[PDB]
Every structure is written in structure tokens, then in C-alpha cells.
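Everything on this sheet refers to the single structure shown next.
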Amino acid sequence: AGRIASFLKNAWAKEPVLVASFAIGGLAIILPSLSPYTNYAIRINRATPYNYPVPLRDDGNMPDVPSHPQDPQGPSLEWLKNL
Amino acid sequence: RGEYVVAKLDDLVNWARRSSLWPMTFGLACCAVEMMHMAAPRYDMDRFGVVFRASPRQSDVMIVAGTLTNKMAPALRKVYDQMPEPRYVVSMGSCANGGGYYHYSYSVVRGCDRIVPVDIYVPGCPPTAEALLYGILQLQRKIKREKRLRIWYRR
Amino acid sequence: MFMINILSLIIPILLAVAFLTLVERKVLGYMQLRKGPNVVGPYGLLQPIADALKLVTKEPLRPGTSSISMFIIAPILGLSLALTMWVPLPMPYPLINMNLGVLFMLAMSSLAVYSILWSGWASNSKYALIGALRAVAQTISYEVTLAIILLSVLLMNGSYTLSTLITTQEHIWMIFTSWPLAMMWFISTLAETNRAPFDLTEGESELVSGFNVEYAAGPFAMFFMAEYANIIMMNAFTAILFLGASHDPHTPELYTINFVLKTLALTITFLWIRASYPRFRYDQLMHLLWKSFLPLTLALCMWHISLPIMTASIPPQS
Amino acid sequence: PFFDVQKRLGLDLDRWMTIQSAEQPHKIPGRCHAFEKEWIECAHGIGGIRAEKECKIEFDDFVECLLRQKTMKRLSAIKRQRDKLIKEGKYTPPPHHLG
Amino acid sequence: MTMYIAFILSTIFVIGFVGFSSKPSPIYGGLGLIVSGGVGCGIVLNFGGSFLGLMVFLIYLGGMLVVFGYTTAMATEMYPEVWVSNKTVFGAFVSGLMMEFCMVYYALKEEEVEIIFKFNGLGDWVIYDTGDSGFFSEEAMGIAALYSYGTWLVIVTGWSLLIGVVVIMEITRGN
Amino acid sequence: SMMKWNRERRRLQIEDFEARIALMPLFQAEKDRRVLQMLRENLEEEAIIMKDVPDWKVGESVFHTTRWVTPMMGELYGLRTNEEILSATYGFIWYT
Amino acid sequence: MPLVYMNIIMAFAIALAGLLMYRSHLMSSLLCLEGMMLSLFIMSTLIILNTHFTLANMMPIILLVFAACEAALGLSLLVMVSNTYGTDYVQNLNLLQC
Amino acid sequence: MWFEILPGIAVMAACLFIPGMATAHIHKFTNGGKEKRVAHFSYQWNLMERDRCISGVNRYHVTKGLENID
Amino acid sequence: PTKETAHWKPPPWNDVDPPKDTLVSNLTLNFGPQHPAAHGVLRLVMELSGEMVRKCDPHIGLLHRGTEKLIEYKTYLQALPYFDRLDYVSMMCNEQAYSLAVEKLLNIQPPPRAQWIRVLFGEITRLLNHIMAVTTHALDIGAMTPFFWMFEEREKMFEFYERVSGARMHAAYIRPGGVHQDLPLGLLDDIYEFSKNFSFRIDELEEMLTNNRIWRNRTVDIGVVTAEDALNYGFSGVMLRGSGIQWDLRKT
Amino acid sequence: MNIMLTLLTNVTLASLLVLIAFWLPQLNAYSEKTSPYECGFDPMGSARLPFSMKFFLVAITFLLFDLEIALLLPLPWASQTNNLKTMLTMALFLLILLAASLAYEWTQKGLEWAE
Ligand SMILES: COC1=C(OC)C(=O)C(C/C=C(\C)CC/C=C(/C)CC/C=C(/C)CC/C=C(\C)CC/C=C(/C)CC/C=C(\C)CC/C=C(\C)CC/C=C(\C)CC/C=C(/C)CCC=C(C)C)=C(C)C1=O
Ligand code: SF4
């Protein structure tokens, strides 16, 4: 209680650089897990098509895959536009 | 004929030397403090291209500032002997010029000339800063009247 | 006309370095109540010419206790690396679009040790042999901090393409995002160029000069040219890295003017710092970075690598 | 390996990189992905001292894809004969070979 | 003709190595290594290895810096050796020059040099591969995969560097 | 500010890429024809080259597999002009 | 196998000779030793860039990181024989005899 | 009297000024008024090579639109 | 063993060989003699295990003039300027010391105005000499600006020195039996203006040096001198006052 | 070509400067100039003796940190990966190991410049 607070105060006075570094570091690990946008960053990275989306051979009974690149169905990234 | 070109070229060279002489400080006594006053704001040696600070390897002029004792003499000799050409040595102060107050001492040489060639004799005890500065200007005019390549061409 | 562009890069940098030797003697003097050089031409404009001519026609003394090979090679390395390290700079259109320009230039920045060591040892003097190791330790121990600072800053840029750095800043000055980092970076820059607060190699009481002791005239002036070219080059690096500017592609001159103004301001800050501060001690000099700078730099790098992930704001790779 | 903990306790530790037909970053195939796929799927559950002879033609096709020893030697022979007869001067390369 | 540069980059690599290994003064071996590394950075670079070339540039021109750092500290003496001091070093150097010269002369005549393995003297420009890269450098992306697929590699390395600083502590501790 | 600007830059990159995917098929369709043109030109020319040599089976494939491989760039830019091969290999590396 | 492979392999062979055939210096020998790994580093990067071995692109730096560590201790050992013995000249390096 | 420094850096500014437009203008001079087409990836290099081939003058920065085709 | 095995001495039982020739050395440094960072003349033959200095050995005599031999050939009136040229940053203080000795021998006291002029100009000398010490110290440490900023004021002091005696440095002013001659008219007013203006630059120097991080760090708590060990060593002046002994000849 | 042309231009330019520097001026070439220098004296019998030192440890920990700096260099490319979570944890491991090596260097004297 008192000892911990006094030690924090002394560190903030004796080696201020050490406490600043330790603090900002300790944040650096625990925020990314807590933050609700890292999944959105994963979505950012998966969104970028570095290579060609090679099509699939059509044979019937794939309603999920759009027939045309202008078709409504299929993966969409309107969240990317709003972001 | 060749005098025109060689004179213009060597005039350029001696001007460049004249406006960029670099003192090798070397203050031994109160003459050092007066020289330091001469580099102070008021007179501002550094304005004329003189730089005051200079290692003995990169320097053009030695100011023998103060009394030169017997124990000092070998050190001053080794300093000047290492000084690159051109090397004009100015002696400031009655003590360095010859003898001084302590002329008839037992461990003080009776003049920097007996140790090292002196190019400009600056008198004063101490020579008031502007008198030193005037000696520097006299050395500058001496560098102006320099005919190295003329004598080479007319050897 | 490529070689013409090269020459238009070297030669103006040479005049810039030349007149830096005048602007420093004027700025310092005015900072300490001295008028500065104003006798050689108007306002001392011609003074750098005279000293350059003197040093060219000053006798270059051969160090008798030396192997001339390194006594000649070290100025070559120091000067040539300093100039070729200007090659990939983002002027509105950088001369050489090297995909790893920042890493390219950081790697070449480490090469100044390869002039310092040969100068300090080949000249074969006590001051030289001391100052060689001391300055080498300085610059190598600050190169690491330069490296992590560069990486942490770049983690928000996107890549090592140094032309896209402008595209990174565009809206806001990058210092607004990494002012704690830049404050270290700038200072480490001050350390790497061996300037009065952090020089430690001159030390005109116990090292006198450190590396440029026995060097005289021309090879001696070449190391000054390297030193006062690294000033401009690293101040320009910091200028683009943190002090961004506008660049309209239809008007390239605008970014050029803004960038040169930033470089001049930063160099004036260099002269400003040196004209005031005392000089570090080797003990404190390495205490400053090992004990204090490095942990903060590590923590800041951790912060600046975690930050783009949590904000879902990773910079574009291409 | 001597004590293969990798497949016993069930994880890859180094097998991801061992060969170049594995899942490369962003599907960047190797130079000889087809040949080494052929070789690997040829020699699977067969035994090294038995598979080295059945999967031979695949193996040297793989090695020639890696090094191009035979193909570059063929090119060297072609260049040799071309320069020889050009120096001794019979025909001229067609304009596609000049510009 | 700057065609053969991709060849000569290796060639200056060889004879800068021999003098580096000619057992001269330690700094002259260092100079040989320095020119060898500088010319080998071009060898990796013109093959497309921009990042790896600049990487070896940086780390290696720091690494020879530190091996210098003790050469003037724990390796100098009253009379440092010179690249012309010992007589045998010249013989080592010239034996360095004539071997690969004879072999390349053969590879220029027969193109089937029999030394050790099988080699062809028909330059190096052939062995490159046609293709593309889209909008990503293969080398950079591969070295970036260290933090996604290099699961074990970074772990074992970082552990080794920690153990390395520990042993560097302990051996030089001086009781 | 950097968060929003970097999101916009990601938007620009996906747009530029989408252009790249849009135009990739045409570049592929010109490239295979161009490479096959080099191969056929080299084959016809080398056929005349190899008539005199007693043992050189024309157009042979060193590979036992019948599957087509990407031409090794050597036979691509073979007897071609030295500048053509110099560009084809070291242009990207040498370009600034 | 083109001439670049010959050159770096041949450079490694003479590095083997130079380090292993000691002349009189320990520091220069470990210098030859670290040049050895430079030759191997270049050699390794060659095939890896050549064959589009995308993963193996990280092997050189990995190969690098350990190798300097060796030199990191090598020269570190060099000082420890040096302060007592005086030099790195390995001909006094004889105390351990029997 | 700080303005005495103003000439001193002014030429200095000009000294750093020249590398700015000189590289900027020459690029614009060389590439038909367009700025240099930076090729940071092999796709850019392939585009530049196809532009050079299509130009027919071995000059990539020469560009022809639909008027060149049917 | 056959033959050469004879020259194969058994190893010791500790497994440590008898420590070889003593290489312990501290690499003597001469640290001079020109070395203009000593006011120009000095020699320090230093013995150091690298950094921590083990044992120094200053060599004074590098500016040796036979002044103490020179005095007993001139009269006291002729002997006065030696003291002026003796400690050339505190001229009038040395002249005060010598003159006070002389007319202490003579059982003579200077007139009161002579005493007041003496103390006023001795204090101006004190200002000059302290400016010397602090500014040149900052120059050694690295600070260049406080040198010139206070040296302009030192020149202003030199103007007063010139206006009273006749030379800006070596006054020969304070003679036995009172000062040589009266001050010029208007000198007091100029002294008044300078004194008004001086504190605003004294504090200005303070702010640059006092609270600065690196001025303190290079200087704070380096080379402590014990108060007891200070006075036995013959230390005096601020050297004593720095340690803590309340002693000052001006008061006691 | 281009880049190599710039490197060639710079090295030749530098060599012309050093050639004019070392050849143009004239020297009388007298013996006593060769005497070496130390603040007025010569460096007695030193300036090549083995340098009994202590900051060797700082010099070597430089290199040991430089390897890890090389290891963490690929980060800007690495941040462009699909599995960002693993990259985050493992890069954080690398910087934590940096800090731990520095801390062990710290408490166990180490980076403390030896006396
Ligand atoms: C009482 O106690 C005391 C002490 O202790 C106890 C002391 O200690 C001291 C000692 C203190 C001092 C000496 C104080 C010095 C004070 C001064 C006012 C003098 C110094 C003044 C300055 C403004 C400082 C200047 C120093 C700087 C900036 C840096 C210092 C460090 C260096 C390494 C510099 C050393 C000098 C060098 C290198 C020489 C300079 C060379 C050049 C400028 C070369 C220029 C070349 C060119 C321009 C080339 C290009 C030319 C052209 C024409 C371009 C075009 C050409 C083409 C080919 C294109 C004292 C006095 C003291 O009282
Ligand atoms: S001449 Fe006068 S001021 Fe100069 S040193 Fe001698 S006594 Fe002192």
C-alpha cells in the first residue's frame, strides 16, 4: 500500500526515464489484446488482393460465389469504406 | 609576358594566405590574457578571418605571448619546428621580444628571437589588445607584399 | 544528361558546405556578441574561398611514423561516403529511387567509423589513438539508437521507400506523432556528427582533436568537408522525416523551397545548441544512451509497433 | 529426426520451411514447385533406398530445374557453334536478333 | 562492355578475399574482407537481393568495425605488421591470383572445368528466371515471414542472444 | 490524423490493386504470346544453326517430363542483341 | 553451375586455407573465420534468391545472427588470452602442453 | 544586427536550392514533360517495358492513346 | 620418456601457472607542455589505469622567472611592478598586499581616501579575477558564450584601469603610503552605471550554468575535498570556503 | 549503370581532391618535421602500445545488440501479414528480449563502463 506508492514516487523521481519506459512498454503489450480494432486490422490485411483471385470452374450449385464481378452476392468490404 | 599571369596568380595566393592566418595562441603570461581580451567581443579578432583557436599542425602564425623561460625553450622549439610552412611568428610583449622586466634573470631567455625567428615585433607590457591587432594587420600587409611565384619565375 | 544531374548534386552541396563554414562563424559570433567575418568581401561572403585556397596551398605534411596508404584512403572514404550518402534524398523527385533508401543511407551512415579508425591509427599519435577509439565508440553506440528510432518511425510510414515518406506526412507533421522519438533522434544525430555538446573527440584539453590531428591542408580539409556535409545531410534527413512539407506534382519547386528552409532551420538549431551547451564527458556520454536513451527508445519502438495494430491503421506497404 | 517430437505431440516446428512447395507467403511459388511436387508425391511412404530408383527421372528433372546444368550446357554448345560459323562467316542473324 | 560485371563482381570478390586470407597485418586482412564484402553486396544486389545486400552491408561493416576495435586495443604492438613485411605473403597473394585465373581461362576455352564439381563458363546472366512480382518484393516478403512462420527461429535466436550476452558477461568478467 | 489518413491510403492501395487485377489478364495474354514468339524464333533460327552439327537433335527437351515448363530466360534472350539481354536481366535492378 | 558459384566456393576454399593454415596471428585467423561465413552467406543467398525459396529468404540473416555471435565470443576470448600473455601471437600459446 | 547573417545563409539556401529543381526539371525534361515513372515493383517495370515496346521509339515516356489503335 | 620429454615440466597442483612477468602498467602521460588548455604553461606527468587517475605529478617552473631573486636588487619603489606582473588577473590585489607590507614596516598608515580607493579597486580586481576563473573554466568544460559575454565587461573594467593609472592591465597604482594619484573626474559615475548593469548579466551567466544539467553533471560532486584535510594542505580562499570552513581574511 | 555511375563520379571526384591536396603544395622536406607531436612534446615511446582498456565490453555488447537490431529490421514488411496477432506477440518477444539483455547488462555491471 504505502510502500508500493512510495516506491512508485521515488522511481518517478530517482529514475524518471525508467518509469516512463516501463509504463509505455507495459501498455504496449496489454492494449492490443484489449483494443477492439485489431480484428479490423486483420480484415485490412486480408482485404488487399496482392495476387489475382483465380476463378473457380463453374458447374452449378455454388450460389455463394458470384457469377460476375459486378454481382451483388459475394464478399464485400463496405466496412472498409466506412472505416 | 609571364609576369602578368604569375603576378595575378601569386597575388591571389598571398591574399588567400593573408586573410586566413590562424594563430597558434601560445600564451605564457599576462600577454596571453591581453590577447584573450583582443579576441573578446570588443575587438573581435575572429572577424578578420583569424581564428585564434588552432592546433599547431593546422596553424599559420605563432604569437609568443609572455615571458619565455629556459625550461619552456625546448617545447617552443619543438612546436615551431613542427609548424607547417608558411610560418610567421609574431612576438608580443617586451618580455617575448627581448628580455623584458626579467631581462637579467637566470632562467629566462633574453628574447624569442634567440629561440625562434620573429616576423613582427609587438611592443607593450602588455601590448594593449588593439596594438596586438595592429601587429596582426601589419603581418597581413606583409603577406600582401609576397612575391613567391614572381621570384620562382625570375630565379 | 544523367551525369549532369549528378554534378548538379555534388557541386552545389560543395558550395553549401563551403558557406556553412562562414555561417557557423557568423552565427556563433552573433550568439556570443561577435560581428563574425565581414572583411573578406561583402559581409564575409568571400571568406570561405580564402581559407579553402590557403588549405589547398598549405603544405600537407606526411606523418613520418605512418603508412601513407590509410593516411590517403581515410579522407577518400570520409568524403566520398558523405557525398554519395546524399544520393537517395527525396527532393520533390529524388535522384535515385532506391526502394530501401532509408536503410541504404542508414547503412552508409555507419561507414564514418571506417574513416575515423584509419585516421586515428595510421597517423600514429597518442591523441589520435585515443580519439579514434573514443569517437568510434561514440558513433557506434549511437548508431543503434538511430536504428531503432528509424524503424519505429518507419513502422507508420509503410516501407523503406524514402520517396513515399512525403506521402506519409502530407496532412500533419510527423513529429506530432513521434515528438518523443524525434527528440531522441535529433540528439543522437548531434552525437553521431561529433558536435560540441557531444563531440568528445576534439576535447581541447586531453584529446585536442582526436582524429584530425596530424592531418594537414587537403586531407585535413576533406574530413571537415565530410563532417560539415553530414551536418546538412542529417538535418535534411530529420527535416523530411519529421518536419513534413507540401508537394504539388505540377509545381515541384514548392517542396524544394520548403525542404531547404527546413534544412537551414535545423542546421541553425545545430549551431544554436553548440554555441551554448557545455561538452559531455565520455563517462556521461555513454551513460546518456546506455542508461537513459536506449530503454526509452526500446519502449517507444514497442509502443509504435503495437499502435498501428490496435488502431487498425497499418500503413500501406506499396 | 532422431526423436521426432514434432509429429508425436502434434505441431510443426521447422517442417514449414523444409521444402519449397509448402504454403509460401502470399502464395509465391518456388522456381521448381511443379518438379518438387512431382518428386515428393512420387516418393511418399516408399522408403528412401527404394524410392531413390523409382523416383529417379523426377529427381534429375528436379535437379535440372534447380541448376539448369544440361540446359545451360546446351545453350553453351549452341553459342559455340554460332560464334564459330559467324567468325568463319556463312549467314547473318535475322533482324529479330538485331533490332 | 559492362556485360561481364555480374561476373567480375565475383572475381574482385575472389582476389580481395585472398589478400584478406593472405595472412597480412590484421587491418589489411580487414581491408581485404571489406572490399570483398563491398563487391559481394553487388553480387547479391544485382540478383535481386536488395534487402539482404544492404543488410549484410550494415551488420558486416559494423562487425569488422568491432573486430578492429580490439585490433588497436588487444592486437597491436610496438611494430605493427605491414602488408609487405613478411616475404611469404607475396607468394600467398600470387598463388591467390593465378589459380582462379587459370581456371577461368579454361572455362573461357572449354566451358567444362573439371575442378571439384561441374561448372560452365557461360557467364551468369542465363541462370536468372523470367516472371514477375506483382506489387511485392519476394525477398522482403520472405524475410518478413519471420514473424509469422518463423515460429521457432526467432524464439531460438533470441534465447541464444540472451545466452550470448550472458557468456560475454561471464568470460570477460575477470573474477 | 495518421489513423484516418492511413485508412485512406489503404483505400487507395486496394483501388490501385483492383486496377492491377483488372489488367493482369491482358498482360498475361500478351506475355505468353511474346515468350512463345521468342521460343519459336530461337527454334527456327537454331534449326539452321544446327544442320551442320552431326549429333544435335533439333528442338530437343532436356526434361523427361512432357509438361511445359517456364522457359529458362537464357534460351529466351539467347542469340539476341547484348543490350536486349542486359535490359531483360538487370533492368529492374539497375533502374532508378 | 555458373562462374559466380565457382567464385564464392573458391573464396570459401581459400578462407578455409587462410584461417586453418595459421601463419602467426590469432586475431587475423578469426578474421579469416568470419570472412568464411561471409562467403557462405553470399553463397546461401544466391540459390535462395535464384529458386524463389520465399521462406528460406529468412535463413541468411538467421545464419548471420549466430555467426557473428561466434566472433562475438572469439575476439572476446582474444582479449582474455591477451591481457595475461600480452599479444595474440600464437606461438607463446604453449602453456597447456601436458 | 542579425541580418548580416542573412547573406551568409542566403547563398547557402541557393546552394541547397539547386539540387531541388535540377533533379526535378531534368526528370520533367527527360520524360516528355511527365515526371519520372518510378518502378518500385516488377509490375511497374513490366508496364514500363510494354510502354517502351508499344511506343516504337524505344522511349517509354512517349505515350499514344486510342488514336494509335483502330 | 625418450628425449624431449625431459623438457616437459609437470603442471602445478592448482592448475594455475606462476603468474608471468608483471604487465601492470598505467601508461604514463605527459599531458603537455605547450597544452594551451592550461593558460599556456603546465606539465602533468599522469599515471592512470586508463581513466581513473592514479597519481599525478604537476611540473611548475615552465614559466619560471627569477623574480624572487630579482627583488633584492631594486628598491621597493622599483620592486612594486613585480607584484603587478605576478598574479596577472588580480593586479591591484597583489599591489595592495605588497604596499600594505611596505608601509606596515614603516609604521605608516595611508590616508582614509587612499584606503577607500584601495578597497574599491581591489574589489574591481576581485570581479575581474572571478570572471577569469568562471569563464575560462566554462571554456575548458565547453561553454564558449559566457567567456565573451563577461569578457566585454572585463574590457569595461580595463577601461577604468586605464583611466586611473594609465595602463589598462598593469596599473602600478597602489604604492606604499597610499595610491599614486587621484581618480579622474567622472570615474565614479561610470563605475555606478557599470555596477547597475552588471548584476543583470551575472544572473544571466548563472542561469546558463547554475541549473544546467550537463554543467552540474560534469562538475557536481567531482573531486570532493574534506574540510579537515583542506586546511592542513594549506588550501586557502574559496578552496576553504567551498569545503565549509567559515574563514575570510576580509572579515576576520 | 545509373547508381554505379553516381558512385564512380563521387569516388573519382574525391580522389581528384586528395590528389590536388597531396601534390599541388611544395614542401622543403627537412628531417626534423618528422618528429611526432603531443601538446608541444612528442608522444615519447607510445601511440602504438597495446591499449589496456575497459570499454571493450561496451564495444562487444554493441555488436550483440546489432544482431538483434538486424533481426527486428524486417518489421515494416512484417506488419503486412494476415496473422497479425502472432506477429505482435513475437515482435514484442523480440523487444522484451532486447530489454532483458540490457537489464542483465545493467545490474551485472556490464554496460557499466568498466573501471
Ligand atoms: C585560462 O585558461 C584557459 C584554458 O584552459 C585552462 C583554455 O583551455 C584556453 C583555450 C581556449 C581557446 C583557444 C578558446 C578559443 C576561442 C575562440 C574565439 C577561437 C575559436 C572560434 C570559433 C568560432 C570556434 C570554431 C570551431 C569550430 C566550428 C569547431 C571546432 C572543431 C574542429 C574540428 C575545427 C578545427 C579547425 C579546422 C578543421 C580548420 C577549418 C578548416 C576549414 C574551414 C576548411 C574549409 C574548406 C572549404 C570551404 C572547402 C570548399 C571551398 C570552396 C571554395 C568551395 C568551392 C570549390 C569547389 C571545388 C567547387 C584558454 C584561452 C584559457 O584562457
Ligand atoms: S611583456 Fe609585460 S605583460 Fe608581457 S609577459 Fe612580460 S611582464 Fe607580462
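Chains as they are written, first to last, in PDB author numbering: chain 1b, 1 to 83; chain 1B, 25 to 179; chain 1H, 1 to 318; chain 1e, 1 to 99; chain 1J, 1 to 175; chain 1Z, 49 to 144; chain 1K, 1 to 98; chain 1a, 1 to 70; chain 1D, 21 to 272; chain 1A, 1 to 115. Where a beta carbon is used, it is the ideal one built from N, C-alpha and C, also for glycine.
Should residue 143 (chain 1J) be labelled buried (16 or more other beta-carbon atoms within 10 Å of its own) or exposed?
Counting Cβ neighbours within 10 Å, residue 143 (chain 1J) comes out buried, since at least 16 surround it.
Could one say the Cβ of residue 43 (chain 1D) lies closer than 8 angstroms to chain 1K's Cβ atoms, at least one of them?
So, interface residue.
Less than 8 angstroms separating the beta-carbons of residue 166 (chain 1D) and residue 228 (chain 1D)?
Yes. Within cutoff.
Less than 8 angstroms between C-beta atoms, sequence neighbours within five positions excluded: which residues of the same chain meet that for residue 305 (chain 1H)?
The residues are 152 and 155.
Starting from the C-beta of residue 85 (chain 1K), find all residues in its chain whose C-beta is less than 8 angstroms away, skip the five residues before and the five after it, and write them out in chain order.
Cβ neighbours of residue 85 (chain 1K) beyond the five flanking positions: 92 and 93.
Taking a Cβ distance cut-off of 7 angstroms, strictly less, list which residues of the region 110-128 of chain 1J are near chain 1Z, in chain order.
Cβ contacts with chain 1Z come from 125, 126 and 128.
Closest Cβ-Cβ distance between residue 175 (chain 1D) and chain 1B: below 8 angstroms?
At least one chain 1B Cβ lies under 8 angstroms of residue 175 (chain 1D).
Taking Cβ to Cβ, would you say residue 16 (chain 1e) is nearer than 8 angstroms to residue 149 (chain 1J)?
Yes.
Below 8 angstroms on the Cβ atoms is my contact criterion, and I expect residue 60 (chain 1H) with residue 216 (chain 1H) to pass it. Report the Cβ-Cβ distance as a whole number of Å.
Sure, about 5 angstroms apart at Cβ, within 8 angstroms.
Please name the residue in 55 (chain 1J), 52 (chain 1J), 172 (chain 1J) and 59 (chain 1J) whose C-alpha comes closest to that of residue 114 (chain 1A).
Minimum Cα distance to residue 114 (chain 1A) is reached at 172 (chain 1J).
Decide yes or no for the touch test of the region 1-8 of chain 1e against the region 25-38 of chain 1e: beta carbon pairs closer than 8 angstroms, at least 3 of them.
Verdict: no, contact absent.
According to DSSP, simplified to helix, strand and coil, what is residue 75 (chain 1D)?
Strand at residue 75 (chain 1D).
What's the C-alpha gap between residue 7 (chain 1a) and residue 15 (chain 1a)?
C-alpha separation (whole angstroms): 12 angstroms.
Let's see if you can read the secondary structure: which residues bound the beta strand (DSSP E) around residue 86 (chain 1B)?
Element bounds for residue 86 (chain 1B): 85-89.
Can you tell me whether residue 58 (chain 1D) sits near ligand 1, meaning its C-beta is under 7 angstroms from at least one heavy atom of the ligand?
Yes, the Cβ of residue 58 (chain 1D) comes within 7 angstroms of a heavy atom of ligand 1.
Measuring only between beta-carbons, confirm whether residue 112 (chain 1A) sits less than 8 angstroms from chain 1D.
False, the Cβ-Cβ gap to chain 1D never drops below 8 angstroms.
According to the neighbour-count rule (16 or more other Cβ atoms, all chains shown, within 10 Å of its Cβ), is residue 48 (chain 1B) buried or exposed?
Residue 48 (chain 1B) comes out buried.
Using a C-beta to C-beta distance shorter than 7 angstroms, which residues of chain 1a count as neighbours of residue 143 (chain 1Z)?
Ordered by position in chain 1a, the residues that pass the 7 angstroms Cβ test against residue 143 (chain 1Z) are 39 and 45.
Going by beta carbon distance, what residues of the same chain come within less than 8 angstroms of residue 155 (chain 1J), once the five residues before and after it are set aside?
Once the five neighbours on either side are set aside, residue 155 (chain 1J) has no close Cβ partner at all.
State buried or exposed for residue 176 (chain 1B), treating a residue as buried only when at least 16 other CB atoms are found within 10 Å of its CB.
Exposed, because fewer than 16 other Cβ atoms sit within 10 Å of the Cβ of residue 176 (chain 1B).
How far does the alpha helix (DSSP H) with residue 8 (chain 1J) in it extend, from its first residue to its last?
Run containing residue 8 (chain 1J): 5-21, per the alpha helix (DSSP H) assignment.
Once you ignore the five residues that flank residue 35 (chain 1A) on each side, which residues in its own chain have a CB closer than 7 angstroms to its CB?
Taken in chain order, the residues that qualify are 42.
Got a sec: is the Cβ-Cβ distance from residue 45 (chain 1K) to anything in chain 1J below 8 angstroms?
Yes - at least one Cβ of chain 1J is within 8 angstroms of the one on residue 45 (chain 1K).
Can you find a CB in chain 1B that lies within less than 8 angstroms of the CB of residue 166 (chain 1D)?
With 8 angstroms as the cut-off, residue 166 (chain 1D) does not count as an interface residue toward chain 1B.
Decide if the region 66-78 of chain 1D is in contact with the region 63-70 of chain 1A; the criterion is three or more beta carbon pairs, one per stretch, under 8 angstroms apart.
With the cut-off at 8 angstroms, the region 66-78 of chain 1D and the region 63-70 of chain 1A do not touch.
Using a Cβ-Cβ distance under 8 angstroms, would residue 44 (chain 1J) count as near chain 1H?
Not one chain 1H Cβ lies under 8 angstroms of residue 44 (chain 1J).
Is there at least one non-hydrogen atom of ligand 2 closer than 7 angstroms to the beta-carbon of residue 35 (chain 1A)?
No, the Cβ of residue 35 (chain 1A) stays beyond 7 angstroms of every heavy atom of ligand 2.
Comparing C-alpha positions only, which one of 141 (chain 1Z), 129 (chain 1Z), 62 (chain 1Z) and 67 (chain 1Z) sits nearest to residue 94 (chain 1e)?
That would be 129 (chain 1Z), whose Cα lies nearest to the Cα of residue 94 (chain 1e).
At least one CB of chain 1H closer than 8 angstroms to the CB of residue 176 (chain 1B): is that the case?
No, no contact with chain 1H.
Residue 156 (chain 1H) touches chain 1Z at which residues, Cβ-Cβ below 8 angstroms?
Those are 50 and 54, listed as they occur along chain 1Z.
Along the chain, where does the beta strand (DSSP E) containing residue 163 (chain 1J) start, and where does it finish?
Taken as a continuous stretch (DSSP letters only), residue 163 (chain 1J) belongs to no beta strand (DSSP E), being part of the alpha helix (DSSP H) at 151-172.
Indicate the three-state DSSP secondary structure (helix, strand or coil) for residue 359 (chain 1H) in the structure shown.
The question about residue 359 (chain 1H) has no answer here: the residues shown for chain 1H are numbered 1 through 318.
Using a 10 Å radius around the Cβ and a threshold of 16 neighbouring Cβ atoms, would you call residue 121 (chain 1D) buried or exposed?
Looking at its Cβ environment, which holds fewer than 16 other Cβ atoms inside 10 Å, residue 121 (chain 1D) is exposed.
According to DSSP, is residue 60 (chain 1J) helix, strand or coil?
Residue 60 (chain 1J) falls in the helix class under three-state DSSP.
Hey, how far is the Cα of residue 80 (chain 1J) from the Cα of residue 48 (chain 1A)?
The alpha-carbon atoms of residue 80 (chain 1J) and residue 48 (chain 1A) are separated by roughly 8 angstroms.
Give the residues of chain 1J in contact with residue 54 (chain 1K), contact being defined as C-beta atoms less than 8 angstroms apart.
Per Cβ cutoff of 8 angstroms: 138, 141, 142 and 145.
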